[PDB]
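**Q** Here it is, the structure in full.
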Amino acid sequence: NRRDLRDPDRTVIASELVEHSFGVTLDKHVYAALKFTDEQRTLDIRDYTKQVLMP
Amino acid sequence: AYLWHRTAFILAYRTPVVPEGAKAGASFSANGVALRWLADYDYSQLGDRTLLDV
């Protein structure tokens, strides 16, 4: 604040210290799901890593 | 006019002590009388105050 010099009133305005806050949260669940039959796993899938896991 | 003997009148002086809460003050003299000086800051009035007493 500011005040005039030699002012007959000597009151000073109190400055105030106010911290603020917000919040961060986990919100989503990202997933990839696959299902195979025993026939597909036995016969169709030849390389599990290249055919299933990497995609 | 006044004519008196030495024993007619008595003066006594005592210098006040500077208390614990006061910023340490000086000590002056007046006709051989020790005077306690003291200073205090008035934040409300934004100014210093001095007292010299006995």
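Just remember, in the structure tokens the first chain shown is A, the second B, etc., residues are 1-based per chain, and ligands are 1-based in the order shown.
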Please identify every residue of chain B that has at least one atom no farther than 8 Å from an atom of chain A, counting only C-alpha atoms, and for each give the shortest atom pair and the distance in Å to one decimal, arranged by chain then increasing number, as a Markdown table.

**A**
| residue | atom | partner | partner_atom | distance |
| --- | --- | --- | --- | --- |
| B:44 | CA | A:10 | CA | 6.6 |
| B:45 | CA | A:10 | CA | 5.2 |
| B:46 | CA | A:10 | CA | 6.1 |

**Q** Would you mind exporting C-alpha atoms of the selected residues as a PDB file, in the first residue's frame?

**A**
ATOM      1  CA  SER B  44       0.006   2.413  15.892  1.00  0.00           C
ATOM      2  CA  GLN B  45       1.148   6.039  15.696  1.00  0.00           C
ATOM      3  CA  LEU B  46       4.170   5.144  13.524  1.00  0.00           C
TER       4      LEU B  46
END

**Q** Find the residue from B:4, B:22, B:29, B:14 that sits nearest to residue 41 in chain B; use only C-alpha atoms when measuring.

**A**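 Closest candidate: B:22.
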
**Q** Compile the contact shell of residue 39 in chain B as a list in words: residues with an atom at most 8 Å away, counting only C-alpha atoms, same-chain residues fewer than 3 positions apart removed.

**A** residues 22, 23, 25, 48, 49, 50 and 51 of chain B

**Q** Give me the residues within 10 Å of residue 13 in chain A as a PyMOL selection string, counting only C-alpha atoms and dropping any in the same chain fewer than 3 places off.

**A** chain A and resi 1-3+10+16

**Q** CA of residue 54 in chain A and CA of residue 28 in chain A, how far apart in Å?

**A**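 One can read the CA of residue 28 in chain A to CA of residue 54 in chain A distance as 22.4 Å.
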
**Q** Going by DSSP on the backbone, which residues of chain B come out as strand (DSSP E)? List them as number ranges by chain.

**A** B: 27-30, 33-42, 47-53

**Q** Convert the current residue selection to file output with N, CA and C atoms, as an mmCIF file, in the first residue's frame.

**A**
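Result went into again.cif, see below:
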data_model
loop_
_atom_site.group_PDB
_atom_site.id
_atom_site.type_symbol
_atom_site.label_atom_id
_atom_site.label_comp_id
_atom_site.auth_asym_id
_atom_site.auth_seq_id
_atom_site.Cartn_x
_atom_site.Cartn_y
_atom_site.Cartn_z
ATOM 1 N N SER B 27 21.101 6.884 30.684
ATOM 2 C CA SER B 27 20.938 7.487 31.999
ATOM 3 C C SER B 27 21.624 8.838 31.964
ATOM 4 N N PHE B 28 20.867 9.899 32.196
ATOM 5 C CA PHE B 28 21.389 11.252 32.106
ATOM 6 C C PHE B 28 21.490 11.848 33.502
ATOM 7 N N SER B 29 21.922 13.101 33.577
ATOM 8 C CA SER B 29 22.082 13.758 34.864
ATOM 9 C C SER B 29 21.578 15.190 34.788
ATOM 10 N N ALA B 30 20.993 15.650 35.889
ATOM 11 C CA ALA B 30 20.439 16.996 36.008
ATOM 12 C C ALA B 30 20.729 17.497 37.414
ATOM 13 N N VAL B 33 21.478 14.788 39.619
ATOM 14 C CA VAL B 33 20.372 13.858 39.803
ATOM 15 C C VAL B 33 20.369 12.906 38.619
ATOM 16 N N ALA B 34 20.375 11.606 38.890
ATOM 17 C CA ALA B 34 20.419 10.618 37.823
ATOM 18 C C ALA B 34 19.017 10.358 37.294
ATOM 19 N N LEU B 35 18.841 10.567 35.997
ATOM 20 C CA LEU B 35 17.559 10.485 35.323
ATOM 21 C C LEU B 35 17.542 9.259 34.429
ATOM 22 N N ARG B 36 16.438 8.524 34.462
ATOM 23 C CA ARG B 36 16.279 7.336 33.637
ATOM 24 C C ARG B 36 15.640 7.731 32.317
ATOM 25 N N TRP B 37 16.344 7.465 31.222
ATOM 26 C CA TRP B 37 15.823 7.670 29.884
ATOM 27 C C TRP B 37 15.373 6.346 29.292
ATOM 28 N N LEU B 38 14.345 6.417 28.461
ATOM 29 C CA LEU B 38 13.678 5.232 27.957
ATOM 30 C C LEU B 38 13.001 5.588 26.644
ATOM 31 N N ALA B 39 12.950 4.638 25.717
ATOM 32 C CA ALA B 39 12.345 4.863 24.412
ATOM 33 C C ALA B 39 11.508 3.659 24.016
ATOM 34 N N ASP B 40 10.381 3.917 23.359
ATOM 35 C CA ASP B 40 9.443 2.889 22.939
ATOM 36 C C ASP B 40 8.811 3.297 21.618
ATOM 37 N N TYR B 41 8.669 2.348 20.703
ATOM 38 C CA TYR B 41 8.137 2.638 19.380
ATOM 39 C C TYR B 41 6.640 2.364 19.344
ATOM 40 N N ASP B 42 5.866 3.355 18.912
ATOM 41 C CA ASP B 42 4.428 3.233 18.724
ATOM 42 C C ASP B 42 4.188 2.869 17.267
ATOM 43 N N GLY B 47 5.591 6.102 15.240
ATOM 44 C CA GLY B 47 6.575 7.044 15.730
ATOM 45 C C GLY B 47 7.163 6.614 17.051
ATOM 46 N N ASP B 48 8.308 7.187 17.370
ATOM 47 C CA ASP B 48 8.999 6.873 18.606
ATOM 48 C C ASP B 48 8.509 7.756 19.742
ATOM 49 N N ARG B 49 8.681 7.254 20.959
ATOM 50 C CA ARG B 49 8.306 7.926 22.190
ATOM 51 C C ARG B 49 9.479 7.828 23.146
ATOM 52 N N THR B 50 9.840 8.931 23.775
ATOM 53 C CA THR B 50 10.910 8.942 24.755
ATOM 54 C C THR B 50 10.399 9.510 26.069
ATOM 55 N N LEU B 51 10.861 8.921 27.163
ATOM 56 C CA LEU B 51 10.526 9.377 28.500
ATOM 57 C C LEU B 51 11.811 9.528 29.292
ATOM 58 N N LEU B 52 11.927 10.624 30.032
ATOM 59 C CA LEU B 52 13.082 10.880 30.883
ATOM 60 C C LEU B 52 12.563 11.250 32.262
ATOM 61 N N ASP B 53 12.805 10.400 33.257
ATOM 62 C CA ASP B 53 12.056 10.499 34.500
ATOM 63 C C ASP B 53 12.904 10.177 35.725
#
